[PDB]
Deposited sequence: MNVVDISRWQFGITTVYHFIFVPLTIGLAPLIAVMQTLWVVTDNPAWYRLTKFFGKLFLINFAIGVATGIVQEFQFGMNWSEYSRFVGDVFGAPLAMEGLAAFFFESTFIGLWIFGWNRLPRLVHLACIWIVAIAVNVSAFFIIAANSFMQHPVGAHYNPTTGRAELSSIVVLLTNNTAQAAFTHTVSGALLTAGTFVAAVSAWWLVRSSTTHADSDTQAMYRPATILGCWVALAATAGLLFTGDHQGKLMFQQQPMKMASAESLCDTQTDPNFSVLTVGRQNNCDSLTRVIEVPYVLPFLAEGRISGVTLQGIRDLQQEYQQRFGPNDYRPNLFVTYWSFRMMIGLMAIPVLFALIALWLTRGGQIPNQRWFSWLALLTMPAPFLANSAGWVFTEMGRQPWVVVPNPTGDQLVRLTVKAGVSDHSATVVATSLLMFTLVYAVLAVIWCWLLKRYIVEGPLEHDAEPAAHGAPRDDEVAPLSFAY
C-alpha cells in the first residue's frame, strides 16, 4: 500500500474516532445548561441531581473528546504538508480564529464549572456552563467553515507567482453557502445525538426504577429528563430534514460528482429513481426523492451521470480518475439517511408511554432504549464519511463558479513520507484510540448503571 492510501486511512480513522465524542459534547452541553438553569429558576432538587448525574457523563465524554482532537490539529502538517502550503493562507485563518474564539473559552470555563460548584456564586457558575455551550457551537462553525472551503472554495484566488491560494475577503469565506448549511446541519445532528442519549439513559432508568430498585424519588426525577430528551430529539429531527434538504440544493450545483455518487448513476438521467439496495441491480427504487433533494421539485431535473461527468472533468482538468468510491459513499449515505428511523421511532414511543404522568414498566422498552444510543453516533459518522469520501479525487474541490485554478488532488497534497514511517503512526493511533474508546464505553456503562450518586442528593 502506497503512502497516499495509508495517510488517507490514518486521517479518516483519527478523525472518525474524534467525532464519536464530538456530537455528544455539542448537543449535551446546551442540555446540561438548560437543566442547570431550570434548577436555578425553580430550585427543584430533582434538576440538581440530573445536572450532577449527566454532568459526570458529559465530563467523561469531554475528556476523550479533547484528547482525540489534539492529533487533528497537527495532522495537516505531518502528513499533508504539500496541501497545507496550498490552502494554508486561507485555511489557517478559520482554524486560528477557532482556537482564540472557542477553544480558549470552552477549555477555560469547563474547568470553572467543574470546580466552581461551591466556590462561585450560583449565577456566575450558571454562566460558566452557558459560555461552554456557546463556545462548543462556535467551535463547530469555524471548523466546519474551514472544511466548507475545501468542499466549495470561495473568497480566495490562485496566485501563479507563489502557486498557492490566497485570501481575498474573510467575510466571504465565513459566509459561503456550504459553511452555513453544513454548520446548521451538524449542530442539528449533535442535538439529536445528545437528546437521544439523554432520553435513552433516562427511559432505561425509568424502567429500571419501576421494576427494580423501587423508589418514587428517582423515577419522579428522570421522567422530566426523558420528556426533555424526547422533545429535543424530535426538534432536532425536524431541523435535520430542513437542513438536509438545503444541503442537497448546494451539493447538486456545487459538486455534481458527489450527487451522482449518492445514487450511483452510471449515465445522465432525467428524474432519476432512488434505489435502496444494490449489488447494477437497483433493488426497491424510490422516485420523487432525488429531484426534490436536487431542487425541491418533484420532476423537471436532469442529473449528470458518473460517466458523463468523468469525460467532462477529464477534458476540463486533465487525465485522471475522478470517480469516488461509489460503494462507500452510496452505503454511507444510505446508512446516514436510514438511521433516523431508530431515534425518531424511539422518541415517539417514549413520549406515548410517559403520557399523562404514567411511568413505563416494559422490559422491551429498556432494550429499545439501549439499542437507540448507538444510532445517532453511527448516523453522524456516516454523514461525515459520505461528504469526505464523496469528494475523494479532490482535497480542494474546484468551484464551478469560482477560480478554476483553486483545486488540488489528494495525491498532490500528501507529504513525502516513507511508507514505513506512516505505517507505524497509523498503528500507534489505531490501537491507542481503540483502547481509549473501549475504556470510555466501559466508564459510561459503569456510571449509567449507578445513576444518581448518594453524595449528589442534596444541593446544600
Original post:
What ranges of the deposited sequence, counted from 1, have no C-alpha atoms in this structure?
Top reply: 280 to 287, 469 to 485
